[PDB]
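Enquirer: What follows is data-v9.cif, mmCIF, C-alpha atoms.
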```cif
data_upload
#
loop_
_atom_site.group_PDB
_atom_site.id
_atom_site.type_symbol
_atom_site.label_atom_id
_atom_site.label_comp_id
_atom_site.auth_asym_id
_atom_site.auth_seq_id
_atom_site.Cartn_x
_atom_site.Cartn_y
_atom_site.Cartn_z
ATOM 1 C CA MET A 1 129.563 -136.622 7.551
ATOM 2 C CA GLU A 2 126.883 -137.610 5.200
ATOM 3 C CA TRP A 3 123.357 -137.437 6.474
ATOM 4 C CA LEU A 4 120.305 -139.288 5.481
ATOM 5 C CA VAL A 5 117.140 -137.246 5.402
ATOM 6 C CA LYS A 6 114.705 -139.174 7.636
ATOM 7 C CA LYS A 7 111.872 -136.617 7.599
ATOM 8 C CA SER A 8 111.051 -133.404 5.689
ATOM 9 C CA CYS A 9 108.858 -130.396 6.443
ATOM 10 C CA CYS A 10 108.116 -127.549 4.136
ATOM 11 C CA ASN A 11 107.754 -123.825 3.632
ATOM 12 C CA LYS A 12 104.690 -122.148 2.152
ATOM 13 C CA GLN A 13 106.666 -119.169 0.582
ATOM 14 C CA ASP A 14 110.358 -119.788 1.525
ATOM 15 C CA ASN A 15 113.192 -121.866 -0.075
ATOM 16 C CA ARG A 16 113.637 -123.477 3.306
ATOM 17 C CA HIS A 17 112.865 -126.989 4.684
ATOM 18 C CA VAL A 18 113.214 -128.349 8.160
ATOM 19 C CA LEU A 19 114.797 -131.770 8.053
ATOM 20 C CA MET A 20 115.357 -134.561 10.409
ATOM 21 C CA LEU A 21 118.671 -136.140 9.431
ATOM 22 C CA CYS A 22 120.599 -138.995 10.835
ATOM 23 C CA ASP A 23 124.248 -140.076 10.375
ATOM 24 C CA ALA A 24 125.170 -143.563 8.813
ATOM 25 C CA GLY A 25 125.246 -145.385 12.002
ATOM 26 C CA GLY A 26 122.219 -143.365 13.104
ATOM 27 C CA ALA A 27 123.873 -142.757 16.415
ATOM 28 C CA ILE A 28 123.232 -139.079 15.805
ATOM 29 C CA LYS A 29 119.946 -137.528 14.655
ATOM 30 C CA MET A 30 119.672 -133.792 14.085
ATOM 31 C CA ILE A 31 117.027 -131.363 13.091
ATOM 32 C CA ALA A 32 118.178 -128.884 10.530
ATOM 33 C CA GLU A 33 116.846 -125.801 8.919
ATOM 34 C CA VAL A 34 118.161 -125.713 5.367
ATOM 35 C CA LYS A 35 117.808 -123.665 2.262
ATOM 36 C CA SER A 36 118.001 -125.054 -1.285
ATOM 37 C CA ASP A 37 116.822 -124.394 -4.762
ATOM 38 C CA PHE A 38 116.378 -128.171 -5.199
ATOM 39 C CA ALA A 39 114.089 -130.615 -3.568
ATOM 40 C CA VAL A 40 115.355 -132.861 -0.920
ATOM 41 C CA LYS A 41 113.041 -135.657 -0.108
ATOM 42 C CA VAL A 42 113.215 -138.333 2.451
ATOM 43 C CA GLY A 43 115.765 -141.031 1.705
ATOM 44 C CA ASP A 44 118.109 -138.436 0.213
ATOM 45 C CA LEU A 45 121.763 -138.327 1.111
ATOM 46 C CA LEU A 46 123.424 -134.984 1.932
ATOM 47 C CA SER A 47 127.187 -134.973 1.577
ATOM 48 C CA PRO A 48 129.509 -132.211 2.748
ATOM 49 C CA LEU A 49 131.125 -129.922 0.176
ATOM 50 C CA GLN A 50 132.262 -127.020 2.288
ATOM 51 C CA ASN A 51 131.280 -125.269 5.524
ATOM 52 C CA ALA A 52 127.513 -125.836 5.804
ATOM 53 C CA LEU A 53 127.313 -126.410 2.036
ATOM 54 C CA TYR A 54 126.088 -129.920 1.172
ATOM 55 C CA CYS A 55 124.993 -131.589 -1.988
ATOM 56 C CA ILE A 56 122.013 -133.879 -2.526
ATOM 57 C CA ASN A 57 122.720 -137.498 -3.564
ATOM 58 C CA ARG A 58 126.259 -136.627 -4.379
ATOM 59 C CA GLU A 59 125.197 -134.188 -7.068
ATOM 60 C CA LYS A 60 127.599 -131.261 -6.526
ATOM 61 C CA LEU A 61 125.355 -129.044 -8.612
ATOM 62 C CA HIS A 62 122.447 -129.587 -6.253
ATOM 63 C CA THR A 63 123.570 -127.742 -3.236
ATOM 64 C CA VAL A 64 121.892 -126.987 0.066
ATOM 65 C CA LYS A 65 122.861 -124.446 2.790
ATOM 66 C CA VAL A 66 122.324 -125.421 6.386
ATOM 67 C CA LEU A 67 120.910 -122.394 8.096
ATOM 68 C CA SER A 68 120.826 -123.957 11.562
ATOM 69 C CA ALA A 69 120.830 -127.256 13.429
ATOM 70 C CA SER A 70 120.015 -128.893 16.710
ATOM 71 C CA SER A 71 119.985 -132.420 17.852
ATOM 72 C CA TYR A 72 116.649 -134.206 17.622
ATOM 73 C CA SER A 73 113.904 -134.286 20.136
ATOM 74 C CA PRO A 74 110.294 -135.359 19.311
ATOM 75 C CA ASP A 75 109.017 -131.983 20.664
ATOM 76 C CA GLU A 76 111.733 -129.860 18.971
ATOM 77 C CA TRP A 77 110.666 -131.301 15.672
ATOM 78 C CA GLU A 78 107.155 -129.913 16.315
ATOM 79 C CA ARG A 79 108.602 -126.720 17.777
ATOM 80 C CA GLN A 80 110.523 -126.447 14.422
ATOM 81 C CA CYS A 81 107.772 -127.592 12.033
ATOM 82 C CA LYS A 82 105.969 -124.465 13.454
ATOM 83 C CA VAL A 83 108.592 -121.776 12.497
ATOM 84 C CA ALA A 84 108.702 -123.667 9.119
ATOM 85 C CA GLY A 85 105.150 -123.174 7.726
ATOM 86 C CA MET B 1 140.460 -116.974 -9.083
ATOM 87 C CA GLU B 2 137.234 -115.317 -9.812
ATOM 88 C CA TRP B 3 136.275 -114.983 -13.426
ATOM 89 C CA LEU B 4 134.095 -112.540 -15.160
ATOM 90 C CA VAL B 5 131.909 -113.976 -17.872
ATOM 91 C CA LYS B 6 132.707 -111.864 -20.960
ATOM 92 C CA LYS B 7 130.650 -113.867 -23.473
ATOM 93 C CA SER B 8 128.077 -116.697 -23.333
ATOM 94 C CA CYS B 9 126.938 -119.328 -25.825
ATOM 95 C CA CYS B 10 124.151 -121.776 -25.358
ATOM 96 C CA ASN B 11 122.884 -125.315 -25.704
ATOM 97 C CA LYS B 12 119.682 -126.283 -27.492
ATOM 98 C CA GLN B 13 118.984 -129.407 -25.256
ATOM 99 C CA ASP B 14 121.913 -129.537 -22.745
ATOM 100 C CA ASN B 15 122.557 -127.852 -19.332
ATOM 101 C CA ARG B 16 125.834 -126.663 -20.771
ATOM 102 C CA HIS B 17 127.141 -123.210 -21.870
ATOM 103 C CA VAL B 18 130.397 -122.259 -23.466
ATOM 104 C CA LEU B 19 131.793 -119.174 -21.805
ATOM 105 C CA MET B 20 134.509 -116.755 -22.453
ATOM 106 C CA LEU B 21 135.838 -115.700 -19.054
ATOM 107 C CA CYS B 22 138.554 -113.371 -18.036
ATOM 108 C CA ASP B 23 140.402 -112.912 -14.709
ATOM 109 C CA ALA B 24 140.261 -109.513 -12.739
ATOM 110 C CA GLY B 25 143.214 -108.033 -14.350
ATOM 111 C CA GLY B 26 142.067 -109.582 -17.628
ATOM 112 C CA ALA B 27 145.569 -110.773 -18.250
ATOM 113 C CA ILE B 28 144.069 -114.209 -18.756
ATOM 114 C CA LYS B 29 141.034 -115.044 -20.904
ATOM 115 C CA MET B 30 139.760 -118.606 -21.141
ATOM 116 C CA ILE B 31 137.053 -120.429 -22.937
ATOM 117 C CA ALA B 32 135.178 -122.826 -20.754
ATOM 118 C CA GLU B 33 132.586 -125.465 -21.189
ATOM 119 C CA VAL B 34 130.419 -125.457 -18.082
ATOM 120 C CA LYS B 35 127.341 -127.116 -16.766
ATOM 121 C CA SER B 36 124.813 -125.464 -14.436
ATOM 122 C CA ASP B 37 121.218 -125.583 -13.450
ATOM 123 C CA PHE B 38 121.281 -121.763 -13.211
ATOM 124 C CA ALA B 39 121.762 -119.115 -15.785
ATOM 125 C CA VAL B 40 125.012 -117.380 -16.078
ATOM 126 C CA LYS B 41 124.875 -114.307 -18.168
ATOM 127 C CA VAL B 42 127.521 -111.949 -19.257
ATOM 128 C CA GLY B 43 128.809 -109.685 -16.509
ATOM 129 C CA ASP B 44 128.446 -112.505 -13.984
ATOM 130 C CA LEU B 45 131.190 -113.337 -11.545
ATOM 131 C CA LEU B 46 132.192 -116.982 -10.978
ATOM 132 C CA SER B 47 133.997 -117.623 -7.718
ATOM 133 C CA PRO B 48 135.754 -120.846 -6.762
ATOM 134 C CA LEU B 49 134.162 -123.137 -4.178
ATOM 135 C CA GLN B 50 136.000 -126.376 -4.739
ATOM 136 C CA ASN B 51 137.771 -128.216 -7.563
ATOM 137 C CA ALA B 52 136.002 -127.023 -10.730
ATOM 138 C CA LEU B 53 132.933 -126.079 -8.667
ATOM 139 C CA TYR B 54 132.167 -122.344 -8.841
ATOM 140 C CA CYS B 55 129.286 -120.225 -7.755
ATOM 141 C CA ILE B 56 127.593 -117.407 -9.653
ATOM 142 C CA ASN B 57 127.781 -113.889 -8.149
ATOM 143 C CA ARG B 58 128.937 -115.291 -4.886
ATOM 144 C CA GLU B 59 125.733 -117.247 -4.421
ATOM 145 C CA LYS B 60 126.995 -120.589 -3.053
ATOM 146 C CA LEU B 61 123.662 -122.175 -3.876
ATOM 147 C CA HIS B 62 124.054 -121.347 -7.547
ATOM 148 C CA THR B 63 126.803 -123.630 -8.544
ATOM 149 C CA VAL B 64 128.417 -124.378 -11.880
ATOM 150 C CA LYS B 65 130.720 -127.289 -12.897
ATOM 151 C CA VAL B 66 133.513 -126.570 -15.317
ATOM 152 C CA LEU B 67 133.580 -129.444 -17.728
ATOM 153 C CA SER B 68 136.622 -128.216 -19.652
ATOM 154 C CA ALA B 69 138.722 -125.155 -20.422
ATOM 155 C CA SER B 70 141.219 -123.708 -22.825
ATOM 156 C CA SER B 71 142.751 -120.351 -23.185
ATOM 157 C CA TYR B 72 141.021 -117.992 -25.596
ATOM 158 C CA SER B 73 141.548 -117.661 -29.266
ATOM 159 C CA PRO B 74 139.058 -115.898 -31.623
ATOM 160 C CA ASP B 75 138.851 -119.107 -33.750
ATOM 161 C CA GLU B 76 138.615 -121.510 -30.764
ATOM 162 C CA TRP B 77 135.597 -119.607 -29.595
ATOM 163 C CA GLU B 78 133.919 -120.408 -32.944
ATOM 164 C CA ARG B 79 135.349 -123.926 -32.906
ATOM 165 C CA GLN B 80 133.647 -124.224 -29.437
ATOM 166 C CA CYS B 81 130.378 -122.397 -30.187
ATOM 167 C CA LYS B 82 129.977 -125.276 -32.757
ATOM 168 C CA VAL B 83 130.187 -128.285 -30.322
ATOM 169 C CA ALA B 84 127.839 -126.141 -28.112
ATOM 170 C CA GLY B 85 124.643 -125.870 -30.238
#
```
With the file now loaded, output its structure as structure tokens.

Expert:
Amino acid sequence: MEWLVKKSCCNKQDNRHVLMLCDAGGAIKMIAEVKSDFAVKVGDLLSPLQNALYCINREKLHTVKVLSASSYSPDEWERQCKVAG
Amino acid sequence: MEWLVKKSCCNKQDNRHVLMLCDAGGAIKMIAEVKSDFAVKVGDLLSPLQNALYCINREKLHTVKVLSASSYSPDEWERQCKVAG
């Protein structure tokens, strides 16, 4: 699955973001803690390469590692935008 | 196969390098035209992720795209360190 980044949330010193993502279909919305050397900004597409390795906007060279995920809740996003900063 | 970068060769404006690589065993030495956002320096290891997608020193987030390859000849390296700069 490809995921559209619906919301982003940053780190003050880390390479991490916390992302709200939803599938094409948007049946499924997830919160994900990711790590990348490149910026992923809302309206970006993440496409699977390998196990938890994704690329940004189909650029294979711009990879991101999913460090963890959960499905979305309004509260869990704020729970998770805490551990983030 | 993993490849050890034996020699590197740069681009003045591109994201490209030309690399001499050899397999562990060093039976096989190749010249390769690659593209990366990260630096690959001699004594680096490139490990396969996917088709022509490699990572540097087993860092999945530091990917490189092989744009083309040939086996090594002394002359072909200089032939190729021309197209490079």

Enquirer: Onto chain A, please fit chain B by least squares using all C-alpha atoms in order, then return the transformed chain as a CSV table (one decimal) with C-alpha atoms, keeping the file's coordinate frame.

Expert:
```
chain,number,residue,atom,x,y,z
B,1,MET,CA,129.6,-136.6,7.6
B,2,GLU,CA,126.9,-137.6,5.2
B,3,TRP,CA,123.4,-137.4,6.5
B,4,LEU,CA,120.3,-139.3,5.5
B,5,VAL,CA,117.1,-137.2,5.4
B,6,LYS,CA,114.7,-139.2,7.6
B,7,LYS,CA,111.9,-136.6,7.6
B,8,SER,CA,111.1,-133.4,5.7
B,9,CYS,CA,108.9,-130.4,6.4
B,10,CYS,CA,108.1,-127.5,4.1
B,11,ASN,CA,107.8,-123.8,3.6
B,12,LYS,CA,104.7,-122.1,2.2
B,13,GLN,CA,106.7,-119.2,0.6
B,14,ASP,CA,110.4,-119.8,1.5
B,15,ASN,CA,113.2,-121.9,-0.1
B,16,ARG,CA,113.6,-123.5,3.3
B,17,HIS,CA,112.9,-127.0,4.7
B,18,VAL,CA,113.2,-128.3,8.2
B,19,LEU,CA,114.8,-131.8,8.1
B,20,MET,CA,115.4,-134.6,10.4
B,21,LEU,CA,118.7,-136.1,9.4
B,22,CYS,CA,120.6,-139.0,10.8
B,23,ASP,CA,124.2,-140.1,10.4
B,24,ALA,CA,125.2,-143.6,8.8
B,25,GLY,CA,125.2,-145.4,12.0
B,26,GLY,CA,122.2,-143.4,13.1
B,27,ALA,CA,123.9,-142.8,16.4
B,28,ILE,CA,123.2,-139.1,15.8
B,29,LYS,CA,119.9,-137.5,14.7
B,30,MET,CA,119.7,-133.8,14.1
B,31,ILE,CA,117.0,-131.4,13.1
B,32,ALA,CA,118.2,-128.9,10.5
B,33,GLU,CA,116.8,-125.8,8.9
B,34,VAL,CA,118.2,-125.7,5.4
B,35,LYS,CA,117.8,-123.7,2.3
B,36,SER,CA,118.0,-125.1,-1.3
B,37,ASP,CA,116.8,-124.4,-4.8
B,38,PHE,CA,116.4,-128.2,-5.2
B,39,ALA,CA,114.1,-130.6,-3.6
B,40,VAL,CA,115.4,-132.9,-0.9
B,41,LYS,CA,113.0,-135.7,-0.1
B,42,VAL,CA,113.2,-138.3,2.5
B,43,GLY,CA,115.8,-141.0,1.7
B,44,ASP,CA,118.1,-138.4,0.2
B,45,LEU,CA,121.8,-138.3,1.1
B,46,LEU,CA,123.4,-135.0,1.9
B,47,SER,CA,127.2,-135.0,1.6
B,48,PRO,CA,129.5,-132.2,2.7
B,49,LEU,CA,131.1,-129.9,0.2
B,50,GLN,CA,132.3,-127.0,2.3
B,51,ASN,CA,131.3,-125.3,5.5
B,52,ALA,CA,127.5,-125.8,5.8
B,53,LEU,CA,127.3,-126.4,2.0
B,54,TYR,CA,126.1,-129.9,1.2
B,55,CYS,CA,125.0,-131.6,-2.0
B,56,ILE,CA,122.0,-133.9,-2.5
B,57,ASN,CA,122.7,-137.5,-3.6
B,58,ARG,CA,126.3,-136.6,-4.4
B,59,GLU,CA,125.2,-134.2,-7.1
B,60,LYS,CA,127.6,-131.3,-6.5
B,61,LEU,CA,125.4,-129.0,-8.6
B,62,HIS,CA,122.4,-129.6,-6.3
B,63,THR,CA,123.6,-127.7,-3.2
B,64,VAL,CA,121.9,-127.0,0.1
B,65,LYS,CA,122.9,-124.4,2.8
B,66,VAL,CA,122.3,-125.4,6.4
B,67,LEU,CA,120.9,-122.4,8.1
B,68,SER,CA,120.8,-124.0,11.6
B,69,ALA,CA,120.8,-127.3,13.4
B,70,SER,CA,120.0,-128.9,16.7
B,71,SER,CA,120.0,-132.4,17.9
B,72,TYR,CA,116.6,-134.2,17.6
B,73,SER,CA,113.9,-134.3,20.1
B,74,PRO,CA,110.3,-135.4,19.3
B,75,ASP,CA,109.0,-132.0,20.7
B,76,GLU,CA,111.7,-129.9,19.0
B,77,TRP,CA,110.7,-131.3,15.7
B,78,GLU,CA,107.2,-129.9,16.3
B,79,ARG,CA,108.6,-126.7,17.8
B,80,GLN,CA,110.5,-126.4,14.4
B,81,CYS,CA,107.8,-127.6,12.0
B,82,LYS,CA,106.0,-124.5,13.5
B,83,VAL,CA,108.6,-121.8,12.5
B,84,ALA,CA,108.7,-123.7,9.1
B,85,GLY,CA,105.1,-123.2,7.7
```

Enquirer: Please report as an mmCIF file with C-alpha atoms, in the coordinates of the input which residues of chain A come no farther than 8 Å from chain B, using all atoms listed in the file.

Expert:
```cif
data_model
loop_
_atom_site.group_PDB
_atom_site.id
_atom_site.type_symbol
_atom_site.label_atom_id
_atom_site.label_comp_id
_atom_site.auth_asym_id
_atom_site.auth_seq_id
_atom_site.Cartn_x
_atom_site.Cartn_y
_atom_site.Cartn_z
ATOM 1 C CA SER A 36 118.001 -125.054 -1.285
ATOM 2 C CA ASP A 37 116.822 -124.394 -4.762
ATOM 3 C CA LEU A 49 131.125 -129.922 0.176
ATOM 4 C CA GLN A 50 132.262 -127.020 2.288
ATOM 5 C CA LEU A 53 127.313 -126.410 2.036
ATOM 6 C CA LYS A 60 127.599 -131.261 -6.526
ATOM 7 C CA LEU A 61 125.355 -129.044 -8.612
ATOM 8 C CA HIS A 62 122.447 -129.587 -6.253
ATOM 9 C CA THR A 63 123.570 -127.742 -3.236
ATOM 10 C CA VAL A 64 121.892 -126.987 0.066
ATOM 11 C CA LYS A 65 122.861 -124.446 2.790
#
```

Enquirer: I'd like the neighbourhood of residue B:11 as number ranges by chain, where a residue qualifies if any of its atoms comes within 8 Å (using all atoms listed in the file), though same-chain residues fewer than 5 positions away should be ignored.

Expert: B: 16-17, 84-85

Enquirer: For a quick check of understanding, using only C-alpha atoms, which of B:42, B:51, B:24, B:33 has the smallest distance to residue B:7?

Expert: B:42

Enquirer: Given the file shown, determine the residues that the PyMOL selection byres ((chain A and resi 44) around 7) selects; report them as a VMD selection string.

Expert: chain A and resid 4 to 5 40 to 43 45 to 46 56 to 57

Enquirer: Quick one, how far is atom CA of residue B:22 from atom CA of residue B:48?

Expert: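 Atom-to-atom, atom CA of residue B:22 to atom CA of residue B:48, that is 13.8 Å.
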
Enquirer: As an exercise, work out the distance from atom CA of residue A:9 to atom CA of residue B:15 in Å and give it to one decimal place.

Expert: 29.3 Å

Enquirer: Calculate how many Å separate atom CA of residue A:69 from atom CA of residue A:19, rounding to one decimal.

Expert: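 Atom-to-atom, atom CA of residue A:69 to atom CA of residue A:19, that is 9.3 Å.
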
Enquirer: Just the residues within 7 Å of stretch 70-77 of chain A, please, counting all atoms listed in the file, with nothing from its chain fewer than 5 positions along; format it as a count of residues only.

Expert: 4

Enquirer: Quick one: stretch 50-73 of chain A with N, CA, C and O atoms, as a PDB file, in the frame of the given file?

Expert:
```pdb
ATOM      1  N   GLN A  50     131.568-128.107   1.679  1.00  0.00           N
ATOM      2  CA  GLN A  50     132.262-127.020   2.288  1.00  0.00           C
ATOM      3  C   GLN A  50     131.529-126.731   3.622  1.00  0.00           C
ATOM      4  O   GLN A  50     130.826-127.614   4.170  1.00  0.00           O
ATOM      5  N   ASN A  51     131.714-125.538   4.174  1.00  0.00           N
ATOM      6  CA  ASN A  51     131.280-125.269   5.524  1.00  0.00           C
ATOM      7  C   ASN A  51     129.813-125.069   5.373  1.00  0.00           C
ATOM      8  O   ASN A  51     129.431-124.120   4.700  1.00  0.00           O
ATOM      9  N   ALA A  52     128.990-125.970   5.917  1.00  0.00           N
ATOM     10  CA  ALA A  52     127.513-125.836   5.804  1.00  0.00           C
ATOM     11  C   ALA A  52     126.954-125.857   4.382  1.00  0.00           C
ATOM     12  O   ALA A  52     125.801-125.580   4.190  1.00  0.00           O
ATOM     13  N   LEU A  53     127.776-126.186   3.389  1.00  0.00           N
ATOM     14  CA  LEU A  53     127.313-126.410   2.036  1.00  0.00           C
ATOM     15  C   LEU A  53     127.407-127.909   1.799  1.00  0.00           C
ATOM     16  O   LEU A  53     128.403-128.548   2.112  1.00  0.00           O
ATOM     17  N   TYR A  54     126.305-128.473   1.324  1.00  0.00           N
ATOM     18  CA  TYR A  54     126.088-129.920   1.172  1.00  0.00           C
ATOM     19  C   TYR A  54     125.558-130.113  -0.223  1.00  0.00           C
ATOM     20  O   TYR A  54     125.107-129.182  -0.841  1.00  0.00           O
ATOM     21  N   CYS A  55     125.673-131.305  -0.764  1.00  0.00           N
ATOM     22  CA  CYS A  55     124.993-131.589  -1.988  1.00  0.00           C
ATOM     23  C   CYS A  55     124.032-132.743  -1.744  1.00  0.00           C
ATOM     24  O   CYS A  55     124.141-133.457  -0.764  1.00  0.00           O
ATOM     25  N   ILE A  56     123.083-132.906  -2.646  1.00  0.00           N
ATOM     26  CA  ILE A  56     122.013-133.879  -2.526  1.00  0.00           C
ATOM     27  C   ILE A  56     122.380-135.061  -3.397  1.00  0.00           C
ATOM     28  O   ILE A  56     122.597-134.914  -4.601  1.00  0.00           O
ATOM     29  N   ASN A  57     122.481-136.234  -2.797  1.00  0.00           N
ATOM     30  CA  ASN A  57     122.720-137.498  -3.564  1.00  0.00           C
ATOM     31  C   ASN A  57     123.970-137.374  -4.438  1.00  0.00           C
ATOM     32  O   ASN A  57     124.032-137.780  -5.606  1.00  0.00           O
ATOM     33  N   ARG A  58     124.965-136.766  -3.835  1.00  0.00           N
ATOM     34  CA  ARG A  58     126.259-136.627  -4.379  1.00  0.00           C
ATOM     35  C   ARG A  58     126.267-135.877  -5.672  1.00  0.00           C
ATOM     36  O   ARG A  58     127.234-135.952  -6.398  1.00  0.00           O
ATOM     37  N   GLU A  59     125.222-135.093  -5.931  1.00  0.00           N
ATOM     38  CA  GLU A  59     125.197-134.188  -7.068  1.00  0.00           C
ATOM     39  C   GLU A  59     125.682-132.817  -6.684  1.00  0.00           C
ATOM     40  O   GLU A  59     124.912-132.047  -6.186  1.00  0.00           O
ATOM     41  N   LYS A  60     126.945-132.510  -6.964  1.00  0.00           N
ATOM     42  CA  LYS A  60     127.599-131.261  -6.526  1.00  0.00           C
ATOM     43  C   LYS A  60     126.851-130.012  -6.930  1.00  0.00           C
ATOM     44  O   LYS A  60     126.912-128.990  -6.242  1.00  0.00           O
ATOM     45  N   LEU A  61     126.169-130.109  -8.057  1.00  0.00           N
ATOM     46  CA  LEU A  61     125.355-129.044  -8.612  1.00  0.00           C
ATOM     47  C   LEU A  61     124.047-128.822  -7.879  1.00  0.00           C
ATOM     48  O   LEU A  61     123.356-127.845  -8.164  1.00  0.00           O
ATOM     49  N   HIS A  62     123.669-129.734  -6.979  1.00  0.00           N
ATOM     50  CA  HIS A  62     122.447-129.587  -6.253  1.00  0.00           C
ATOM     51  C   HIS A  62     122.776-129.324  -4.822  1.00  0.00           C
ATOM     52  O   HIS A  62     122.748-130.217  -4.006  1.00  0.00           O
ATOM     53  N   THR A  63     123.072-128.077  -4.518  1.00  0.00           N
ATOM     54  CA  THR A  63     123.570-127.742  -3.236  1.00  0.00           C
ATOM     55  C   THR A  63     122.472-127.361  -2.291  1.00  0.00           C
ATOM     56  O   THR A  63     121.348-127.090  -2.707  1.00  0.00           O
ATOM     57  N   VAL A  64     122.771-127.469  -0.992  1.00  0.00           N
ATOM     58  CA  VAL A  64     121.892-126.987   0.066  1.00  0.00           C
ATOM     59  C   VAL A  64     122.714-126.319   1.160  1.00  0.00           C
ATOM     60  O   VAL A  64     123.816-126.748   1.425  1.00  0.00           O
ATOM     61  N   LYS A  65     122.154-125.270   1.778  1.00  0.00           N
ATOM     62  CA  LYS A  65     122.861-124.446   2.790  1.00  0.00           C
ATOM     63  C   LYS A  65     122.143-124.816   4.038  1.00  0.00           C
ATOM     64  O   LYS A  65     120.903-124.819   4.034  1.00  0.00           O
ATOM     65  N   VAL A  66     122.888-125.206   5.073  1.00  0.00           N
ATOM     66  CA  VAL A  66     122.324-125.421   6.386  1.00  0.00           C
ATOM     67  C   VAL A  66     122.281-124.086   7.075  1.00  0.00           C
ATOM     68  O   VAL A  66     123.280-123.493   7.257  1.00  0.00           O
ATOM     69  N   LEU A  67     121.106-123.644   7.442  1.00  0.00           N
ATOM     70  CA  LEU A  67     120.910-122.394   8.096  1.00  0.00           C
ATOM     71  C   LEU A  67     121.009-122.545   9.604  1.00  0.00           C
ATOM     72  O   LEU A  67     121.457-121.645  10.293  1.00  0.00           O
ATOM     73  N   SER A  68     120.584-123.672  10.146  1.00  0.00           N
ATOM     74  CA  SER A  68     120.826-123.957  11.562  1.00  0.00           C
ATOM     75  C   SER A  68     120.502-125.392  11.833  1.00  0.00           C
ATOM     76  O   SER A  68     119.770-126.006  11.051  1.00  0.00           O
ATOM     77  N   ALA A  69     121.031-125.892  12.956  1.00  0.00           N
ATOM     78  CA  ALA A  69     120.830-127.256  13.429  1.00  0.00           C
ATOM     79  C   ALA A  69     120.808-127.455  14.935  1.00  0.00           C
ATOM     80  O   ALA A  69     121.430-126.727  15.688  1.00  0.00           O
ATOM     81  N   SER A  70     120.126-128.514  15.332  1.00  0.00           N
ATOM     82  CA  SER A  70     120.015-128.893  16.710  1.00  0.00           C
ATOM     83  C   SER A  70     119.962-130.365  16.718  1.00  0.00           C
ATOM     84  O   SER A  70     119.708-130.944  15.705  1.00  0.00           O
ATOM     85  N   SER A  71     120.196-130.998  17.834  1.00  0.00           N
ATOM     86  CA  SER A  71     119.985-132.420  17.852  1.00  0.00           C
ATOM     87  C   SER A  71     118.494-132.635  17.994  1.00  0.00           C
ATOM     88  O   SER A  71     117.751-131.704  18.320  1.00  0.00           O
ATOM     89  N   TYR A  72     118.067-133.869  17.732  1.00  0.00           N
ATOM     90  CA  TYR A  72     116.649-134.206  17.622  1.00  0.00           C
ATOM     91  C   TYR A  72     116.003-134.402  18.970  1.00  0.00           C
ATOM     92  O   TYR A  72     116.534-135.070  19.819  1.00  0.00           O
ATOM     93  N   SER A  73     114.833-133.816  19.145  1.00  0.00           N
ATOM     94  CA  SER A  73     113.904-134.286  20.136  1.00  0.00           C
ATOM     95  C   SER A  73     112.574-134.349  19.400  1.00  0.00           C
ATOM     96  O   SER A  73     112.359-133.537  18.483  1.00  0.00           O
TER      97      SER A  73
END
```
